[PDB]
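Chains A and B supply the protein sequences, listed in that same order. If you read the first sequence in the numbering used here, its first letter stands for residue 59, the second for the next number, and so on. If you read the second sequence in the numbering used here, its first letter stands for residue -15, the second for the next number, and so on. Beta carbons are placed, not taken as given, at the ideal position from N, Cα and C, and that holds for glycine. Since the structure comes first, as structure tokens, the remarks are kept for the end.
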Amino acid sequence: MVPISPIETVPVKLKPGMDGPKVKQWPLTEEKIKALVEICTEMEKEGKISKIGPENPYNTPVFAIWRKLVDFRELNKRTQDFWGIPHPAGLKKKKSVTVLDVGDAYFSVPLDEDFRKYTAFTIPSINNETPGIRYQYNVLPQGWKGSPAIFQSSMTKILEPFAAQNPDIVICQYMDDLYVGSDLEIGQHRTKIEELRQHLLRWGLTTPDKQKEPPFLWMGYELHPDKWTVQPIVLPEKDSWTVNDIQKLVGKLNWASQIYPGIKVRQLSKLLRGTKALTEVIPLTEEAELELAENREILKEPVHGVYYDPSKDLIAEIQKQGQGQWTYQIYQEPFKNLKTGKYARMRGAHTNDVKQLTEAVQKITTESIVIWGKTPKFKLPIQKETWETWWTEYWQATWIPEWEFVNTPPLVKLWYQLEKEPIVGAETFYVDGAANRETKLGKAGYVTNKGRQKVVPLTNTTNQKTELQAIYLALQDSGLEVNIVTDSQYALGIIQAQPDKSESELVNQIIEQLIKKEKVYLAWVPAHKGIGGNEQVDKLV
Amino acid sequence: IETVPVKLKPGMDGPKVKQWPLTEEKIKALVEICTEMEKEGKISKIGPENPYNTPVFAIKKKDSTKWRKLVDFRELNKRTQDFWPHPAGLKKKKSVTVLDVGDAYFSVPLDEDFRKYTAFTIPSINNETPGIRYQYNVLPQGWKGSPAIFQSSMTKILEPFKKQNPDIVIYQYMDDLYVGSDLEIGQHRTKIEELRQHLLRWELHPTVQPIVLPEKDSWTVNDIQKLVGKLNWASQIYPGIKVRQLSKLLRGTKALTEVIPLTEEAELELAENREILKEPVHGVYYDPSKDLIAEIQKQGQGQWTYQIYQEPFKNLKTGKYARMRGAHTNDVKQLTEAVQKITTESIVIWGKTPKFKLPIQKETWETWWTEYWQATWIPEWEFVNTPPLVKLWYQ
Ligand SMILES: N#Cc1ccc2c(Oc3ccccc3OCCn3ccc(=O)[nH]c3=O)cccc2c1
Ligand SMILES: [Mg+2]
Ligand SMILES: [Mg+2]
């Protein structure tokens, strides 16, 4: 007999304040009883379990489907807490790649002796005329919260020396599987694989001969030797959609978006607001139907990503899809993508393109640092001057990593720029607006230095809306260059946030007016402090 | 040589915090450093039985091309029971020099029971290998309990130096040792080297800035409007500021660039306002039981302004940073350096770090701040998404 190297156990403690599991045993059928009896018999013969007595006051329910289903759910609550899948695009191409998989993964790893007593379960004897057969686990139980962590720690511990001894082979452990790539010759590769197999056999870890040649179907991916993709995307076809099926659909499209360029989930995601019901039927706008249609169009032609080569620059390129949607491709060589993706703008009242672009760059940077452990060079649809002006004049600190301007319209641009100082030879519009908090009636308007005045009466309105309204009026009736004095901290705040798009249509119209202007200077003054030219007397009526 | 018993605050479990993504060179530097630290018994690898994790990354201090391991101990520090000496004369000292005494901390062994809370993880690229896990067998740098435990030892080290010349103020915060004096920078340097080899054996220059109003021969409408806005703002902070005679100049409706001659009463009002502003603020005190709030405003052109306060419109300190070091093209770098300086000054003056409110989006800061960060400590921070009107007023 070969002296299998002992795997040192992991000390396991129950949660403080909680005790061992005590739960009744199920009224199982006689057939299931016989099956479980056989299974546990041969299991004991293998040494994965041992029989105990009545002393142990801990019992967990058991079932059969044969296959023994042990329910640890009430133990999992009484067991202590224990301490992201690899992305194909980050995997570095190797000449040969072998998939080993350990059989009896958890049962190959012993359990902490002191904890074994807590894993007890009972097999009911037929017609309840005999005390049920007691059993406990000597190894990591299937469905036990502590099994995966302990198993992977043990596995890692065993794998360290082989790895250190063989720097010319790369090995990745996931759960019960080991993936060994290498760039050496095929024969030496197979030899080293067998070496690893016997090395694991030293600790009693069984791995198959022969295996499982590519393509590998793994975690929703297809891994081919030279390239990777996603397993086929199945979009359900229903005459009337359900919210649950919209969760399914959006999830699937999202999954397909990491490789397939141009996926748009915006409409479908907009239709899920405040639903919280799985049976609820929702309609679809022309935009939504066309979106899902062109999404079906994108999923016609199959596309593959390549693997990662450290020798070459990593490049991220971004395009604006519109309506707060952005799409990006991360690639090594032209037309060959590592992967792709999308960014949707955060829910907000107002916003501009530049901000969303920045946020996109941040997202891509974090994703990259996760996958390739580095920040990619960026190709962005924004002129250097535009970015320069923006970040220099922005009230907030902002930054983008190393990047270059790619010219592929639509280009991100600054639509309007407010003046730093008052404009000489430009009419000065003093604006004000107010509303009655009861009647919801108000006025908005302006008086200027050239004598120009306007006051517009308004129904169904608020003070803020009348201040915005007053500014809008000043913008409409003024020449290409204008100085506007407002007492509104609200309006000034919004305009100083510099949105190019807004939820409020009033703000949108103001933006339009701004865009049509050559020079605009927006000045602010304290209200009610009796500043001349600023007329509350007109609007407060 | 002996481990003082250490626990957590009552009703608080150990810290569990997600390790954030790290770049490749940082991962490598951490691997090397932690290997060498493991060989020295400072840290030891641990198994899955430890649920607790605290974030870790790598930095580079100036004059050093060699990496340093920075642990973010914030949550662990918050979760340690309050451990039971502030030299207000340190801020008064003409000069203060900062030292890193962290190398001394690793001699003292950490309480064995508590060691499970110092656990951290070196992350792997693309989750190809599970992260390497460690725990500290000695006093970890950045932990609040480390200077508190080494406090007595440090006293023993500093007995001869402190007794020798007691014109020199010594303070200790985290891994940092601050030394103030009135001496000359040459003699100061020689003295600091003396204390350095003294450490072998066993530069700062320390008021709330006045609110100032322009002095002009001729005022436009715009000038007076801004003046009125600033004075009205300041009226929150100061009791007797009155704008009514200045607002009376704006009366009628005139072009913004039109010059308005000051009247007698208006000039008087402006003068009285100046005099009021020249005085300090009424009843401004520092409550040690209150949080320190720091606010930073980007002024453009490398200029930044800041205010430290425990209560709105009562300012414990105010300041401005124009300092240009390698930061020109990068806003976030500047901001990080500013946060560091403000925090340092806060440490000197009140002994503790302020809670920041940052003029930057959360995601941007979160992404890039560790790249520019040279400090061994870290403060708390907030993000203000609405542009302040006070920007112009602190310029
Ligand atoms: N089932 C399955 C399975 C198989 C291999 C995995 C993996 O495989 C690898 C394991 C170690 C080193 C490189 C690896 O792949 C690099 C990229 N690659 C990938 C496949 C191929 O034929 N050739 C190739 O150069 C890395 C990560 C997960 C894997 C999952
Ligand atoms: Mg108004
Ligand atoms: Mg008003």
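Boundaries (first-last residue) of the beta strand (DSSP E) holding residue i
i, result
"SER219(B)", "That residue, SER219(B), is in no beta strand (DSSP E); its alpha helix (DSSP H) goes 205 to 221."
"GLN571(A)", "No beta strand (DSSP E) holds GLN571(A); the alpha helix (DSSP H) holding it covers 563 to 574."
"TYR579(A)", "577 to 582"
"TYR548(A)", "Looking at the DSSP string, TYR548(A) is not in any beta strand (DSSP E); the run it does join, the alpha helix (DSSP H), is 547 to 554."
"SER28(B)", "27 to 29"
"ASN257(B)", "Note, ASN257(B): premise wrong, no beta strand (DSSP E); alpha helix (DSSP H) at 248 to 262."
"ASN494(A)", "From DSSP, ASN494(A) is part of no beta strand (DSSP E); its letter is neither H nor E."
"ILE191(A)", "191 to 195"
"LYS597(A)", "Careful: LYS597(A) lies outside any beta strand (DSSP E), inside the alpha helix (DSSP H) at 594 to 597."
Simplified DSSP assignment, three categories, for residue i
i, result
"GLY380(A)", "strand"
"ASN395(A)", "strand"
"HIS257(A)", "helix"
"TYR176(A)", "helix"
"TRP353(B)", "helix"
"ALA122(A)", "strand"
"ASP303(A)", "helix"
"residue 380(B)", "Residue 380(B) is absent from the structure shown; chain B starts at -15 and stops at 379."
"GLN138(A)", "coil"
"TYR474(A)", "coil"
"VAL92(B)", "coil"
"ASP87(B)", "helix"
"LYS341(B)", "strand"
"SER231(B)", "helix"
"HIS312(B)", "coil"
"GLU347(A)", "helix"
"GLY431(A)", "coil"
"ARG307(B)", "coil"
Span separating the alpha-carbon of residue i from that of residue j
i, j, result
"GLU279(B)", "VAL192(B)", "14 Å"
"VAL60(A)", "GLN256(A)", "12 Å"
"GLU364(B)", "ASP129(A)", "44 Å"
"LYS92(A)", "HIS282(A)", "45 Å"
"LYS587(A)", "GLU593(A)", "11 Å"
"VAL482(A)", "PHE367(B)", "37 Å"
"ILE542(A)", "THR524(A)", "15 Å"
"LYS370(A)", "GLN390(A)", "7 Å"
"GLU338(A)", "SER327(A)", "15 Å"
"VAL428(A)", "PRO290(A)", "26 Å"
"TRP313(A)", "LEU350(A)", "15 Å"
"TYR365(A)", "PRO144(A)", "12 Å"
Residue environment, residue i, which counts as buried when at least 16 other CB atoms sit within 10 Å
i, result
"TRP361(B)", "buried"
"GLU359(A)", "exposed"
"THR237(B)", "buried"
"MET213(A)", "buried"
"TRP124(A)", "exposed"
"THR351(B)", "buried"
"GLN387(A)", "buried"
"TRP286(A)", "buried"
"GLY(-2)(B)", "buried"
"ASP241(A)", "exposed"
"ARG174(A)", "buried"
"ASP201(B)", "exposed"
"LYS146(B)", "exposed"
Residue range of the unbroken alpha helix (DSSP H) whose run includes residue i
i, result
"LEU499(A)", "It is not in any alpha helix (DSSP H) - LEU499(A) carries neither H nor E in the DSSP assignment."
"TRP449(A)", "442 to 451"
"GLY170(B)", "169 to 185"
"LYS10(B)", "8 to 23"
"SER240(A)", "Taken as a continuous stretch (DSSP letters only), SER240(A) belongs to no alpha helix (DSSP H), being part of the beta strand (DSSP E) at 235 to 240."
"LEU531(A)", "521 to 534"
"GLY129(B)", "129 to 148"
Under 8 Å from the C-beta of residue i: neighbouring residues of chain E
i, result
"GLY213(B)", "Going by chain labels, chain E is absent from the structure shown, which instead holds the protein chains A and B."
Near ligand 4: residue i beta-carbon under 6 Å from a heavy atom
i, result
"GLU253(B)", "For the structure depicted, ligand 4 is absent and the ligand set comprises only ligand 1, ligand 2 and ligand 3."
Inset, instruction - Could you name the residues whose beta carbon sits closer than 6 Å to any heavy atom belonging to ligand 3, keeping them in chain order? - result: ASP490(A), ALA492(A), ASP545(A), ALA585(A), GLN594(A)
Inset, instruction - Pull every residue with its beta-carbon under 5 Å away from any heavy atom of ligand 1, and keep them in chain order. - result: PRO144(A), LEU149(A), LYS151(A), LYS152(A), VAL155(A), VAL157(A), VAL228(A), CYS230(A), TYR237(A), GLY239(A), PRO272(A), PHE274(A), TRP276(A), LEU281(A), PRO283(A), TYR365(A)
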